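One rule links them: number in the deposited numbering = place in the sequence shown (from 1) + 1. Positions of the beta carbon are idealized from the N, C-alpha and C atoms, including for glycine. The structure appears right after this line, and notes come after that.
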Amino acid sequence: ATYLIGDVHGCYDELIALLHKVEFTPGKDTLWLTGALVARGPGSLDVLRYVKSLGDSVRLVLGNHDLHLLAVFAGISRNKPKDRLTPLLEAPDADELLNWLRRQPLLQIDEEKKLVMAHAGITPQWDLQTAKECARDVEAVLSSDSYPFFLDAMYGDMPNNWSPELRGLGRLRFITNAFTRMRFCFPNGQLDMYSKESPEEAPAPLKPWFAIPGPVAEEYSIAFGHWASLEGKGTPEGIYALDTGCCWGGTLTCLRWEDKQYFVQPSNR
Ligand SMILES: [Mn+2]
């Protein structure tokens, strides 16, 4: 069986309870995770240890909070108390865990399921080939010895319009924003980096990225997390918003792909 779970945010207890609910069995089952494994919840260390231990039985994409953790680990950004990352950062195996984390993909594709996963979704300005190339480019910088330099470069809100002519810092910043921070688009597909509200409570003319027809969403199902205020509702057919706010007191959601059956674990906070 194939299980997809939204943002875990250090909610180790809930993640394990949900996986026991569906009797998740590595070697028979595969787990997809939308990213943002760490921060805010209490058990980022346990979560990272477990997800890494799953090996090929898990397909992860990196989210914004995962990249922020890597920035903190590398001395690029300051640790925020509210993220509750200190046990993980102080762990004797922190090097092993984070060197594994930074090597994980930004994008997962299963052609037989016609299923695409990324943390924030797929911008309507990307076709599939472009999404693949951009994921590969950023993954190449994250997997390199020089990854702290990219992490430092990644911060910024412009450019917010994709073009194949984008080069350098702006290209990497846009790619990172599209994969890990995207929510709302302008009608022409341009990213808005500021509004984080639910679609109905958003100011015009902003629309959800998935409300603009894109070449990928026309051919593939897309699963994503990130957008907690969405509450996993309000999406079109073929779009799966899995982040239901576990660390914020909501729920952890798990979708079984074969029958599109949902399983929910209440938050413990
Ligand atoms: Mn999140």
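- Scan the region 90–132 and note each continuous beta strand (DSSP E) run of 3 residues or more that stays entirely inside, going in chain order. Complete beta strand (DSSP E) runs here, min 3: 108–111 and 116–119.
- Message: Does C12 come out as helix, strand or coil in the three-state DSSP assignment?
- Response: Looking at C12 - three-state DSSP - the assignment turns out to be coil, as it is neither helix nor strand.
- Where do the N-terminal and C-terminal ends of the beta strand (DSSP E) with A242 fall, by residue? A242 -> beta strand (DSSP E) spans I240 to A242.
- Message: ligand 1 and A95: does the residue's C-beta get closer than 6 Å to at least one heavy atom of that ligand?
- Response: Checking every heavy atom of ligand 1 against the Cβ of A95, none is found closer than 6 Å.
- Query: So, do the region 64–76 and the region 94–113 have three or more beta carbon pairs nearer to each other than 8 Å?
  - Reply: Contact holds: three or more Cβ-Cβ distances are below 8 Å.
- Query: Pick from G235, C135 and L108: whose alpha carbon is nearest that of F175?
  - Reply: Of the candidates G235, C135 and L108, the residue whose Cα lies closest to the Cα of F175 is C135.
- Task: Could you please give me the residues that DSSP links to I6 through a beta bridge?
- Result: Its beta-bridge partners are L34 and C255.
- Item | Cα-Cα separation, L173 to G64 | Rounded to the nearest angstrom, the two C-alpha atoms are 15 Å apart.
- Per-residue burial, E15 [other beta carbons within 10 Å of its own, 16 or more giving buried]: By the 10 Å Cβ count, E15 comes out buried.
- With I223 as the anchor, note down where its beta strand (DSSP E) starts and where it stops. In the DSSP annotation of this structure, the continuous segment of the beta strand (DSSP E) that includes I223 starts and ends at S222 to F225.
- Would you list the residues sitting across from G246 in a DSSP beta bridge? According to DSSP, which records beta bridges pairwise, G246 is partnered with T252.
- Residues near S222 by beta carbon distance below 8 Å, same chain, minus five either side: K114, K115, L116, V117, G239, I240 and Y241.
- Anyone know if the C-beta pair for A141 and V62 falls short of 7 Å? Not in contact: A141 and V62 (Cβ atoms no closer than 7 Å).
- Cβ atoms of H10 and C248: under 7 Å apart, would you say? Remark: C-beta atoms of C248 and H10 approach each other more closely than 7 Å.
- Query: Considering only residues of the region 127–210, which uninterrupted alpha helix (DSSP H) runs meet the minimum length of 4 residues and lie entirely inside it, listed in chain order?
  - Reply: For secondary structure counted as the alpha helix (DSSP H) over 4 or more consecutive residues, the region 127–210 holds these complete runs in sequence order: 129–143, 148–155 and 169–181.
- Message: Taking 6 Å as the limit between beta carbons, can you name the residues of its chain near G28, skipping five residues before and five after?
- Response: Cβ contact annotation for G28 (same chain, cutoff 6 Å, sequence separation greater than five): none.
- Supposed contact pair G7 and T35 - C-beta distance, whole angstroms, cut 8 Å: Between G7 and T35 the Cβ distance is about 5 Å, and since that is below 8 Å, they are a contact.
- Query: How about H227: is its Cβ closer than 6 Å to a heavy atom in ligand 2?
  - Reply: Annotation note on ligand 2: not contained in the displayed structure, which lists ligand 1 as its ligands.
- Message: Taking 7 Å as the threshold (C-beta atoms), are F187 and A121 in contact?
- Response: Cβ atoms of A121 and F187: not closer than 7 Å.
- Does DSSP put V265 in a helix, a strand or coil? The answer is strand: DSSP assigns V265 an E or B state.
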